[PDB]
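Worksheet: the structure to be examined is printed underneath.
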Amino acid sequence: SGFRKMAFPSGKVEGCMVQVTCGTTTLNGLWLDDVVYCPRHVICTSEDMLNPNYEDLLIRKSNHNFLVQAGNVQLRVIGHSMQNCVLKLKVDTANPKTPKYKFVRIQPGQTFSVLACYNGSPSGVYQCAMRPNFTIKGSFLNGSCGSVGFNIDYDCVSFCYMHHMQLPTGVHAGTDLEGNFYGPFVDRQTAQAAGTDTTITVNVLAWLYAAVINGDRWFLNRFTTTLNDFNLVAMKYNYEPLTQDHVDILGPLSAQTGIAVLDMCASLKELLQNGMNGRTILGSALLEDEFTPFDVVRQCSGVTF
Amino acid sequence: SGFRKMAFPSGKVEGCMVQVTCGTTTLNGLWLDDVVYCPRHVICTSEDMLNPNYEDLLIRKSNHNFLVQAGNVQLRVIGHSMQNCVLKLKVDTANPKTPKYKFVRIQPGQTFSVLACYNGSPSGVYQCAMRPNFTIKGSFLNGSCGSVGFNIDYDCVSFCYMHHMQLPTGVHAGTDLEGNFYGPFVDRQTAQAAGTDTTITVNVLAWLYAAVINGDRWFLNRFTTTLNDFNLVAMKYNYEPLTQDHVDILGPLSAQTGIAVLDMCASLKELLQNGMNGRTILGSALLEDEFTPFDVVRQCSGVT
């Protein structure tokens, strides 16, 4: 029993973390086969970041300007190129610890594990959600850039995130592994409005189901509701509108618990309108939304890798 | 910036996780050098657990009755012994992925990472605290037993915990790596009173300091206090009494923020007496106590 925010085991990804350096800037790189992926802003001085022409800047750079370090071993860089906002440094050695991997662009609301690094050495690991406004609230200090997010789906590491930026707001933005930013952000040092954020409704519901499975049942009422009536309340409290796809996804949980999705929505409704009266649910005094239905099920059947 | 409950990278420990099996029961084992460590209740049927005589039960077992599996590879067991509540199965092969490691018995209030396994295969990783009553609130299902807790100090894995059981409470108990339970618990399926639990005061203070460093400053007051006056309030709300050793440990944080430890205690005091008025601190509506001062500093200087 018991329910914790669990990250995927980081082993396979640890073996791919290296240090990349260019002039002053040192940040992290992902080493898969004979290519190291890192944020392209590695090539910018502090001055360059205000308004960088990346093409012009990359053209001035030579292979030898790139110091790539895998622990004790220095890797020889034999080529460099740019794909969207990521740098692809070609090296003379294939990473022998390269796992089976895909590159995936996740949807907002979905979760992943982050392996936070500094100078290419793993620091720690935490699970988080891609906010509806395509930011993340994480832990990223100076030189944590290049740190990646991933999922393990059986034996395959699905890399979905690389950290680039901290917004003045103090939240974080980044790309998929093809170098495309999530959301409206750019790799420039300017004011950047993230969207109005919303609570991931489907995830909260999944978490409520987790609570019941773990014997925390105080919040269950004898009311029910409709999608429309519920969503009217959701809109008011800045919750993602709930769709049938969401109801369908919560089916297995609904089945195991014997509580209908609309019945649970009705309980959630009452919690939004009345608050929690300083009660906790699974040791939290607010409604957690960084557990997907799949996450809840994974942790409640003891799925391994 | 930003503040997350972070676990240590699990890689080095993944390489030591194996599956141990005896009769029906299968659980996890830790494989270091040529010895595999697992809970001794591996030898118990469901019936045996009500009231097991472990000596009598172990005597019936022979080397070959222990099936030890490291991924695909099966390890040959050449000896077995019991040390407190743990089994030490000696194998013919040294684990080639053995990291530099110590065994440590941690104090209550300290934190560690847990690598939850099932059938010797890593499931996931989370950070938690050893409660003052020597229990832990974790995630442990059927066959998660043998899962270990650890800290990494550079390249050295300090193993501090092995999970044994779930109390009727729904909390978890286990041993150090020499097989000694934390707290008053035994490896029997019976009612077991954990102590009155208390909030780890020093950890809360550390977390408050983290908040200020990350620009969450609403809770700072114009008041101060003494150790004794504060501790009188702490006792009332079931907080660990604060000592000078705790004040000393919070010094570096105190220094960076320019807020005296007693000044911060004064802010904590007011939060206990008045509650939080449904405000958050670092996105939490309660006072978090599973961050040690060292944890806070580690995350605030970017230590590997």
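All of the numbers you see were taken from the coordinates with simple rules; none came from a lab. Every residue, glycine as well, gets a Cβ built from its backbone with ideal geometry; the counts of neighbours run over all protein chains shown.
At-a-glance table
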item: Cα gyration tensor shape of the stretch B:41-107, rounded if a/c is under 1.5, else prolate or oblate by comparing a/b with b/c; result: oblate
item: Cα-based helix-to-principal-axis angle, B:261-274 vs chain B, degrees rounded to 10; result: 90 degrees
item: Percent antiparallel among DSSP beta bridges (both partners in chain B, rounded to 5); result: 90 percent
item: Distance between the stretch A:110-127 and the stretch B:110-186 - C-alpha centres, whole angstrom; result: 22 Å
item: Likely footprinting exposure, B:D295, B:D56, fewest C-beta neighbours within 10 Å first; result: B:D56, B:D295
item: Sequence of A:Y101, A:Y209 once ranked by neighbouring C-beta atoms within 10 Å, starting from the fewest; result: A:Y101, A:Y209
item: Shape of the stretch A:128-213, Cα gyration tensor, a/c cut at 1.5; result: oblate
item: Taking the stretch A:220-305 and dividing mean pair separation by its residue count, relative contact order in percent (alpha carbons under 8 Å, at least six apart); result: 34 percent
item: Rounded if a/c under 1.5, otherwise prolate or oblate - the protein assembly as shown, Cα gyration tensor axes; result: rounded
item: Stokes-Einstein translational diffusion, chain B - Kirkwood Rh over all Cα pairs, 0.692 mPa s, 37 °C, in µm²/s; result: 157 µm²/s
item: Length-normalised contact order of chain A in % [C-alpha pairs under 8 Å, at least 6 apart]; result: 17 percent
item: Note, ³J(HN,Hα) from phi for the stretch A:88-101, Karplus 6.51, -1.76, 1.60, rounded to Hz, x at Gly and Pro; result: 10, 8, 7, 10, 7, 10, 7, 4, x, 8, 5, x, 5, 8
item: Rounded tilt (10° steps) of B:201-213 against the dominant C-alpha axis of chain B; result: 60 degrees
item: Rounded tilt (10° steps) of A:227-236 against the dominant C-alpha axis of chain A; result: 60 degrees
item: Residue order, fewest to most beta carbons within 10 Å, for A:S81, A:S284; result: A:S81, A:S284
item: Cut-off under 5 Å, modelled amide H: who pairs with A:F159 long-range; result: A:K102, A:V104, A:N151
item: Charge context of A:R60, other residues only, Cβ under 15 angstrom, K/R +1, D/E -1; result: -2
